[PDB]
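In: A structural model of the following input is requested.
(chains A, B, C, D, E, F, G and H, ligands or ions: 18)
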Amino acid sequence: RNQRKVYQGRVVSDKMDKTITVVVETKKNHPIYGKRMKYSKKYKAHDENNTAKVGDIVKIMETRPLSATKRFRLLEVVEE
Amino acid sequence: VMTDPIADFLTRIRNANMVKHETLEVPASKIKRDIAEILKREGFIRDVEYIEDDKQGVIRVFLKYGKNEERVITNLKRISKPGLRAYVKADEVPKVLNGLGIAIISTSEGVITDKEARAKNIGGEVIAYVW
Amino acid sequence: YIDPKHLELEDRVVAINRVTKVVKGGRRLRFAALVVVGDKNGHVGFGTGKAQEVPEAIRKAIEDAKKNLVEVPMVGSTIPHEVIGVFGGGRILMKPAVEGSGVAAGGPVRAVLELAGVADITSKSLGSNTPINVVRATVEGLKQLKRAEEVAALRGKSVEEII
Amino acid sequence: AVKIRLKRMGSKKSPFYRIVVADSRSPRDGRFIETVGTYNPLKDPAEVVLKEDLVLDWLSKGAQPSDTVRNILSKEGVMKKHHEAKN
Amino acid sequence: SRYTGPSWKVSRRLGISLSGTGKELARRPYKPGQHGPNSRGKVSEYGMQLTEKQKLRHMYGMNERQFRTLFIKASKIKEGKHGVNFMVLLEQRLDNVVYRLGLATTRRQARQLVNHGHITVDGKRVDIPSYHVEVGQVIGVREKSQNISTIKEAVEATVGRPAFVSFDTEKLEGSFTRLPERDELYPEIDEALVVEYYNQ
Amino acid sequence: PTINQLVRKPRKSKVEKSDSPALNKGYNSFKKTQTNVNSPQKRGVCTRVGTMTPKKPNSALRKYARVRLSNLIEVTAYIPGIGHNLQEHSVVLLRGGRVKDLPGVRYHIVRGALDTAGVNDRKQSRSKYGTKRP
RNA sequence: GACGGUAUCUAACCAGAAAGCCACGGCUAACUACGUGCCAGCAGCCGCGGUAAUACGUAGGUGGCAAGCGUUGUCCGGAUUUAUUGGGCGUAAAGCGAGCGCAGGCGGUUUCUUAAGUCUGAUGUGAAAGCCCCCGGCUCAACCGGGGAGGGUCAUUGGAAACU
RNA sequence: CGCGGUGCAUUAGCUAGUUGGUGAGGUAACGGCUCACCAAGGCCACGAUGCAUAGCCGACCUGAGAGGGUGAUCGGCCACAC
Ligand SMILES: CN[C@@H]1[C@H](O)[C@H](NC)[C@H]2O[C@@]3(O)C(=O)C[C@@H](C)O[C@H]3O[C@@H]2[C@H]1O
Ligand SMILES: [K+]
Ligand SMILES: [K+]
Ligand SMILES: [K+]
Ligand SMILES: [K+]
Ligand SMILES: [K+]
Ligand SMILES: [K+]
Ligand SMILES: [Mg+2]
Ligand SMILES: [Mg+2]
Ligand SMILES: [Mg+2]
Ligand SMILES: [Mg+2]
Ligand SMILES: [Mg+2]
Ligand SMILES: [Mg+2]
Ligand SMILES: [Mg+2]
Ligand SMILES: [Mg+2]
Ligand SMILES: [Mg+2]
Ligand SMILES: [Mg+2]
Ligand SMILES: [Mg+2]
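Out: Numbering: from 1, shown residues only, chains lettered A, B, ... in the order given. Ligands and ions are numbered 1, 2, ... in the order given. Here you go, the structure:
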């Protein structure tokens, strides 16, 4: 069975019910100079019971669109 | 503050060679020991030794000068810098002066010269050029 | 030191510059000639000579170049390796070239290399275009060139081990 | 439908053809799914190179050869092989 | 286009004998024009390189564009000296093959024969003087054309043929047994200068 | 600069400008705007014809024409060659090219095209000056 | 069988119908005569012309190219003249008047561990056509065809742990 | 859905079905896609918004390369048909 993309990120907003905003915080190389530049990509994830809190390391798996911007489903709360 | 101890070691060697000093001393580290032994076995430096102290140890290098006090080490250049790391794939391993020099590289097999790196067919981080 | 004698040297007048000294009565024009003398087998030098007449300037320059000979190491028809020679505004980068590629050089560098006997080499002048300075930079790079055997002797290794 | 048909190539007054599998709607020289062979009519005995395994698989899947491609496959015996497979 | 003007003036502009005899440089061995007999200043290095390139392309009677393309082809060859390879390709040019076989006295005559179709490569008519002749191909006079005083005289008169060309006078059939060598070709040309010229 | 400096504020190259701006802009009557179209030449009507004084090093009467182009820009163009048939309201074709002597002349008038007549008696470089082979 | 009596082949006659363009002061290969007299004009830059101009016009020669030649238009290069490869800031342009400092960039030695970066193998893909490498077909070439290679800061997966 | 390919900050705030939720309806189908309620959320100096320009690409020209420029013919995708 095919695998959907899973990301590890940090919660930066939980003031919405049944959802959270997570940040991936990857690094990329500058095309010209080759230095690693910080890059913050953040997604909206559906929380079933608002378990996650702000500033928590979590895992999210991409899913079918659940709202206008929701595209991910919470899996774990790695740290608080 | 000192941000590139490897580059500092290279510069110490460069200056000592420039003034034709017989020996030099540096604060010790694993990477510095690796570089020193590579130079030792490549014949760029006459000898290496270590002293155990209570900070980090000291590494002493005895330089090598040929007949007429000709300098064996022409120069050293730091390639991978904290500001800009440099990595090369196995095919991209550089040849210094068509092999007359060497390129010290850190790889998953350890710190080795470019010859050894391309013999093993692996890349790594190009620590320095020496010639 | 390279003895000019016993070497069948040839001369090339790289550039003749008309240099003026201003005097009470006007201008005293003179000719300064830069000459490259070479054996086309690994020995070359350059000289400057100043005189009122072009022939005398050339003669003095030739004598100076003779006295200022140097040896250029050469592997096959090209130089052992890449090298950058810097002198004043002069900055010349020289690279070994494959057999038969020709002298990919410009200006006085062409004269220097041809008279030294290098037949295939690439080069680029990244600095000033003044003939004297570019010639000086070229000779500095050539003196920076090294021989594989001498490198092996210095490093206490065999040439195969080095390569 | 899926057609096993000839895509023209070559030069003016010197045609060459590639036997390719493509959607019938796609342009003659445009989009195609997969190449299966070649066809050179300028040779007195018409030269043909064929990936007979692919051709048979597509025929089983329901590709419809054009008239000339059907002639080519008949000459090559692929059509007989597919008929036997159906049997 | 083909050059149809004088040959002696071109040869003495080049400072060498294109015919290989020196007949052109025997009298007035200097450049044509009213300024020929009186001396002139030194030629620049660019002039020397241009003179060498012109030497080659006038030797083989080729236009500059075709010369460039053939030079690039020669460069493509990985082994050997670039200038030597270019010389070898120039030799392998069909006109030069006929001239070396001696079926014509001059390269212009050889080219005219090839163009008019009096030559056949491996028994098949070839009218392309630019045709590249591989080693071992047989160049023969067209059977209908074999009875012409021009080629008969050329064959009988030609006394020396390059070591790399094998020839049979009775069949009027020749070929190359191997690639020409630098020494075997015109030594008075400096292929290195042409190489540098096209290096620009 | 440091690598981080370059990352933050990358290199930016100078923008070059055309030496013959008028040829680079077309005109659309409908929208009444100017289009950015590169053209090797452009047609214009000679609004004025006369002579101009060179700059200090040179003394002559350089022959010039003030021309309104098809794109409605007014420029000044030189008249190469010796003698011309141009008059105000004469249709001419303009090519790029500066004139060192003249301060504000950036274009030349193509001889032998449109109203411009070829330079009479010309026998060398006839392709320039637009005269047929005699 | 539109192309089409087209490609192509054969035979006969005639050097007879078939060469222009730009440039020649230096850059830059190519030089002299007159006419002209800061006028006429040339010119990409330097700059030529004021009565003996190799720089204008013409003629003769010469050089480059060639059924093309030259001008203009525009892109890249030369240009290290935005310098990652690959520049600098005392006097040439360039160190903020100086400091405190959030974020950011960078960061001492060393044990273990991880595997994000890093290196490495496999799989899938990066269409065809096009560049490039072989091999064939057009009399050669262009052109055409067959077979490969290449092309990702790619996705999954297995390794290595020196450096970050 | 991740990632990549334009300039301007002498464009700094933008957003109100907007952000999310519970229902209902709708769609081949997920979905504020639409509607009724509930809360006030969401984007933004990692450049939101706005302004100007532009079809994108395989590819093509140039360069030693890195790169720069272009997006005709041919092929892929998209958009348009006063
Ligand atoms: C006072 N007599 C003067 C004096 O001797 C000058 N020397 C300082 C001298 O200088 C000359 O010899 C020069 O070289 C200069 C020239 C203008 O006059 C010449 O004649 C100059 C003499 O006329
Ligand atoms: K001139
Ligand atoms: K730099
Ligand atoms: K200061
Ligand atoms: K790792
Ligand atoms: K809803
Ligand atoms: K519309
Ligand atoms: Mg001196
Ligand atoms: Mg048939
Ligand atoms: Mg042609
Ligand atoms: Mg000249
Ligand atoms: Mg002129
Ligand atoms: Mg003139
Ligand atoms: Mg540049
Ligand atoms: Mg000042
Ligand atoms: Mg200043
Ligand atoms: Mg548009
Ligand atoms: Mg460049």
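
In: next one: phi and psi at residue E:23?
Out: In terms of degrees, to the nearest 10, the main-chain angles of residue E:23 are phi -60, psi -30.

In: which residues of chain B fall in helices?
Out: B:5-18, B:30-42, B:114-120 (DSSP state H).

In: so what secondary structure elements neighbour the longest one?
Out: Read that as helix B:5-18. strand B:23-27, helix B:30-42, strand B:58-63, strand B:76-78, strand B:124-130 (3 or more CB pairs under 8 Å, 6 or more residues apart in numbering or on different chains; DSSP states H and E). Bear in mind the C-beta positions are built from the backbone N, C-alpha and C, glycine included.

In: Let's check: the centremost residue of chain D is which one?
Out: The centroid of chain D falls nearest to residue D:19 when counting by CA atoms, centre = their mean (3.5 Å).

In: isn't that one right up against residue D:9?
Out: No: contact criterion CB atoms under 8 Å: residue D:19 and residue D:9 do not qualify, at 11.3 Å.

In: before we move on, the earlier item: most neighbours per residue, which of the helices and strands packed on helix B:5-18?
Out: strand B:124-130 (a mean of 21; mean count of other CB atoms under 10 Å in any protein chain shown).

In: Is there proximity between that one and RNA strand G?
Out: Yes: on the criterion CB under 7 Å from any atom of the strand, strand B:124-130 is in touch with RNA strand G at B:124, B:125.

In: Give the full set of residues in contact with the residue nearest to residue E:195 when sequence neighbours are not counted.
Out: In this structure, residue E:195 finds its nearest non-sequential neighbour in residue C:102, 4.3 Å apart by CB to CB, 6 or more residues apart in numbering or on different chains. Taking CB atoms under 8 Å, 6 or more residues apart in numbering or on different chains, we find residue C:102 in contact with C:119, C:120, E:82, E:83, E:192, E:195, E:196, E:199.

In: Sort out which of those are in helices and list them.
Out: Using DSSP H, these in helices are E:82, E:83, E:192, E:195, E:196, E:199.

In: buried subset of those residues?
Out: E:82, E:83, E:192, E:195, E:196 (16 or more other CB atoms under 10 Å in any protein chain shown).

In: nearest spatial neighbour of the spatially most central residue of chain B, skipping sequence neighbours?
Out: The residue lying closest to the centre of chain B (CA atoms, centre = their mean) is residue B:35, at 4.1 Å. Using CB to CB, 6+ apart and skipping residues adjacent in sequence, the residue nearest residue B:35 is residue B:104, 5.8 Å away.

In: tell me the contacts of that neighbour?
Out: Applying CB under 8 Å, 6+ apart, we find residue B:104 in contact with B:35, B:38, B:111, B:112, B:113, B:126, B:127, B:128, B:129, B:130.

In: let's see 7 Å
Out: B:35, B:38, B:111, B:113, B:127, B:128, B:130 (CB atoms under 7 Å, 6 or more residues apart in numbering or on different chains).

In: Out of those residues, which is nearest to residue D:4?
Out: residue B:113 (58.6 Å; CB to CB).

In: Please work out how many residues are found near that closest one.
Out: For residue B:113, the neighbour count with other CB atoms under 10 Å in any protein chain shown is 19.

In: and what of residue B:64?
Out: 20.

In: what does residue F:28 give?
Out: 11.

In: Not including adjacent chain positions, what is the nearest residue to it?
Out: Nearest to residue F:28 is residue F:35, by CB to CB, 6+ apart, at 5.5 Å.

In: I figured that neighbour was touching residue F:70, is that so?
Out: No: look at residue F:35 against residue F:70 with CB atoms under 7 Å: they stay out of range, at 11.5 Å.

In: These two: which is more packed in?
Out: residue F:70 (14 against 11).

In: That one: what's its closest spatial neighbour, skipping adjacent residues?
Out: Closest residue to residue F:70 apart from its sequence neighbours, by CB to CB, 6+ apart: residue F:43 at 4.9 Å.

In: So what pairs up with the one you found in the strands?
Out: When bridges are called by DSSP bridges, residue F:43 pairs up with residue F:93.

In: Tell me which stretches of chain D form strands.
Out: For chain D, the strands defined by DSSP state E occupy D:2-11, D:14-23, D:34-40, D:47-50, D:64-65.

In: cool, chain E as well?
Out: Counting by DSSP E, the strands of chain E are E:119-121, E:124-125, E:139-141, E:165-168, E:173-176.

In: Turn those strands into JSON lines, columns for mean neighbour count and distance to chain F.
Out: Converted to JSON lines, those look like this (neighbours: other CB atoms under 10 Å in any protein chain shown; distance: least, CB to the nearest CB, whole Å):
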{"stretch": "strand E:119-121", "mean neighbour count": "21", "distance to chain F": "39"}
{"stretch": "strand E:124-125", "mean neighbour count": "8", "distance to chain F": "40"}
{"stretch": "strand E:139-141", "mean neighbour count": "22", "distance to chain F": "43"}
{"stretch": "strand E:165-168", "mean neighbour count": "16", "distance to chain F": "47"}
{"stretch": "strand E:173-176", "mean neighbour count": "21", "distance to chain F": "46"}
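
In: ok, which stretches of chain E are helices?
Out: E:8-14, E:45-59, E:64-76, E:82-92, E:94-101, E:107-116, E:149-157, E:191-199.

In: which stretch among the ones you listed comes nearest residue A:2?
Out: Using CB to CB, the nearest of those to residue A:2 is helix E:64-76, at 48.0 Å.

In: and the closest one with helix E:45-59, angle?
Out: 100 degrees (axes from the mean of the first three to the mean of the last three CA atoms, to 10 degrees).

In: quick check, helix E:64-76 touching RNA strand G?
Out: Yes: contact of helix E:64-76 with RNA strand G (CB under 7 Å from any atom of the strand) involves E:64, E:65, E:66, E:76.

In: Closest one to residue D:81 out of the residues you listed, please.
Out: residue E:76 (45.9 Å).

In: since we're on that closest one, how many residues are nearby?
Out: Neighbour count for residue E:76, taken as other CB under 10 Å: 9.

In: Ok, residue D:55 next?
Out: Burial of residue D:55 is recorded as 25 neighbouring residues (other CB under 10 Å).

In: thought it was touching residue D:35?
Out: No: in this structure, residue D:55 is not within contact of residue D:35 by CB under 7 Å, at 10.8 Å.

In: Just grab the bridge partners of the one residue sitting closest to the centre of chain F for me.
Out: By CA atoms, centre = their mean, the mean C-alpha position of chain F lies nearest to residue F:107, the distance being 1.8 Å. Under DSSP bridges, the beta-bridge partners of residue F:107 are residue F:77, residue F:96.

In: What residues does the closest residue to residue B:95 other than its chain neighbours make contact with?
Out: Nearest residue to residue B:95, sequence neighbours excluded (CB to CB, 6+ apart): residue B:114, at 6.5 Å. By CB under 7 Å, 6+ apart, residue B:114 lies in contact with B:93, B:94, B:95, B:102, B:103, B:105.

In: Can you tell me which of those residues are buried?
Out: B:93, B:94, B:102, B:103, B:105.
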